[PDB]
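Coming up is one lone chain in structure tokens, specifically the form solved without the named molecule.
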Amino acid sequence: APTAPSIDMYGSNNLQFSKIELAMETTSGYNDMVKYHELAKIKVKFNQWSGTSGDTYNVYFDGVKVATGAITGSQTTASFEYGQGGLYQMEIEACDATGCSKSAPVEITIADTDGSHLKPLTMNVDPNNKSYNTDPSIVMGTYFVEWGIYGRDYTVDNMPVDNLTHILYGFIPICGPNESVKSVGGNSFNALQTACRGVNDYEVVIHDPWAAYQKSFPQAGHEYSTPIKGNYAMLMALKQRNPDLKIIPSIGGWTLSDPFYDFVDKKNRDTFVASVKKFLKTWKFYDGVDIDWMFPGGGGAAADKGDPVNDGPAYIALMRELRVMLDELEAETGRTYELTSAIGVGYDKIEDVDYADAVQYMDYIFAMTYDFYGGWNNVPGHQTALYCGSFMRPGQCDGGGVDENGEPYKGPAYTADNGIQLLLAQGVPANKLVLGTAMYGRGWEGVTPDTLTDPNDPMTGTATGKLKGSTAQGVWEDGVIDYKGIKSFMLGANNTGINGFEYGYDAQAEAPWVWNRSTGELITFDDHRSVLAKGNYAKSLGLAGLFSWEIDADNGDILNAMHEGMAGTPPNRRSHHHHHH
């Protein structure tokens, strides 16, 4: 028998290999920064200085032969390819006429984007998040935002993952027309231009590669030599901890929806769909795709865009085509992929799409049952209410009434129930609808008591402007505030109201508010009570479950209430009553 091979650690790259190459110290185009290989190139060097060397070498991973070849001299480099990520016990064997001798086992690491090479993520969750035994068939979704790792200081390990079934990652941009991005700030448009250099229009890219895969997180044990870092590596480790969790990339959103309006041309859909397939093959931890087109028919960030004739049909076609593509991935991998979308719930948004047609291809519709009222104007109202509030005029709820100027309402009022009922009215099944919960408030200032028609209901007042404040209090953009900020600075420990604010609740609407009479500051949000109501409502209607925007803004109260709401209606048996969904 020849001399047992001795592995040259330095010459074998310390046995660290990767199916993906990611630029860590530079920023350029997505295709320049990211290279994915179906087979990792393995290169291992071993030495046989003393004694004989032998004729043939064999390389084993956990006892299974993965490479073989001839031995020449005292030095042999074993170069081969391997397609499965993970950790393996590697042995190298040398053979001749007299027999074989094996090296001692040593661990080889082959990185892949499923996280197979990673240990389960260590969590650091706010203990205010309680423990629940909610049926795993019930959807409990939330959005994690890429940029939350900056000022918001909210990282993947902070997510109450055991209280979630779906994590939607916001947001994946589409290269092309993106003038709406300029409204964001922080040089975000420039970043997108850079990402899209070398990328064709209508293909997806990563907006912020630093946050996505470059940034070293010490809680995840990231190093210089770590082939994948950032949010993505942490999400990979999270999948190792929670294999049944669904992590889905969210494409678009409010300021990244511009390219969607060019999807009336099927060629652009084709380009997009192909890029998504490539994206899902490259980033294996993702379990499907979420489409947040805001909005088919118009009413989005770009005022000059929207086609009420063609957008809805295009949206439907997009879902059909994405489902075909996902079926291909399912055939190729044996995995199951989900197709979802977050949609507007105003009557004027819903009427622009035949969701009965679209939903046959989809797993879930995330109904954006929030942003009903807000700081964009000076009219108070419940931003995320289940039902029509006390402040509403006669016939406003159903839309058959008349406004202040004698002008008829053009459709039903913006409420969660009105939206859900319109979707059910189209023929969308309840069990594919997911009800939206707000982890944020919208707000005004200058709603002083003198402006109120009903002295005890600030929703009957008039504002002078948007809510202002500091990021310490959860105000990241004027008119919007983190739920945890509302709790810490307006509500206090038991909703007593602090710092000049008083707590109020509209039992008709199922909607809370805080109101400071002196400053006229008014905030509309979801609280424990309203979320309990939403949960009860979702269970009664047989909805798929609940989802939320955005997890970083919760202190645990909202997600807790989501679970407790789903904890606390039989088929129709008889006529002679109000038939209703």
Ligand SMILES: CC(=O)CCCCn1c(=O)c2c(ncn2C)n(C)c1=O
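All residue numbers refer to positions in the sequence shown, first residue = 1.
Here the subject shifts to the form deposited with the named molecule bound, a form of this protein not shown in this document.
Contact annotation: the named molecule lies within 4.5 Å of heavy atoms from the stretch 366-374 in the deposited bound form, the single such stretch among 386-394, 366-374, 100-108, 490-498. The named molecule in the deposited bound form comes within 4.5 Å of no heavy atom belonging to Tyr82.
Proximity of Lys239 to the named molecule in the deposited bound form: non-hydrogen atoms within 4.5 Å are absent; the residue sits far from the partner. Taking the partner from the other structure, the named molecule in the deposited bound form has a heavy atom within 4.5 Å of a heavy atom of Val184. In the deposited bound form, the named molecule stays beyond 4.5 Å of every heavy atom belonging to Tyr57. Checked against the named molecule in the deposited bound form, the residues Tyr361, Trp254, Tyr503, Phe217 give one hit for a heavy atom within 4.5 Å, which is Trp254. Contact with the named molecule in the deposited bound form, judged by any heavy atom within 4.5 Å, is made by just one of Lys349, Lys484, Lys246, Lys284: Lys349. Applying a 4.5 Å heavy atom cutoff to the named molecule in the deposited bound form picks out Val184, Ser188, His207 from 183-212, in order along the sequence.
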